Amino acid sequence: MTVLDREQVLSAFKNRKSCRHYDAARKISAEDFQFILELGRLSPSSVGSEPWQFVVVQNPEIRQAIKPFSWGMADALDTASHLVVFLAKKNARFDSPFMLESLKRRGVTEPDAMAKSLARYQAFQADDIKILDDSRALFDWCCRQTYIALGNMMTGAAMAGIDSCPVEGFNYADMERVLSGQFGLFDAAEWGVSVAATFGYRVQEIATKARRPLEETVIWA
């Protein structure tokens, strides 16, 4: 365990501010950006599902195709170093091939053990969080996991001096149609767009943004 002082941790964490305007001349190096991708890869996920894909949109033709409906990051599409569109797994039922592969990656591979795990996953999805019925709720469950990877990538990037902005401000149906249909980047039957993020170096200073006081957020029980 490599342990940092919590004051140093908090200080670096406060580096992260949503950046809408990047220096178009400055690119994140390939090695620096793989480190950001690694924070996403290593993030936790319910049952180790890792129900995400990271679409790195560096092709300016694709950035221009999505600009008309991406008002939340319109300027950044011309100036950001990197763009990631997060995909979340569709129909991640306990009995799906995708979930089976995630179960073996947890180290559960003997057939009787696998059956017992799947039975618990079925009860969780059907009885506890109640998502097995509804395909949109099942998709939203996986989307939730991708916001963990999103948060970790942005935080880690900022601690290392690289700016970012989380992004929901786009038409989700158009984004899926362009990325999956026009450019054929993923099978939209298996994956759906969750959220996006830009990364780069800020063009100017960014003011720290307000938060509600802790006493209006924490409930002590």
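Counting begins at 1, following the sequence as shown.
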With B-factors read from the PDB entry, the higher C-alpha mean of 177-185 and 52-60 is in 177-185
For 144-152 versus 73-81, entry-based mean Cα B-factors point to 73-81
On the chain's distribution of Cα B-factors, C19 falls within the third called lowest
Chain thirds by Cα B factor, record data; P68 belongs to the highest
Temperature factor at the Cα of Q125, chain-ranked in thirds, falls in the lowest
Of the three thirds of the chain ranked by Cα temperature factor, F139 occupies the lowest
Tertile call for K116 (CA temperature factor, within chain, third-based) is the highest
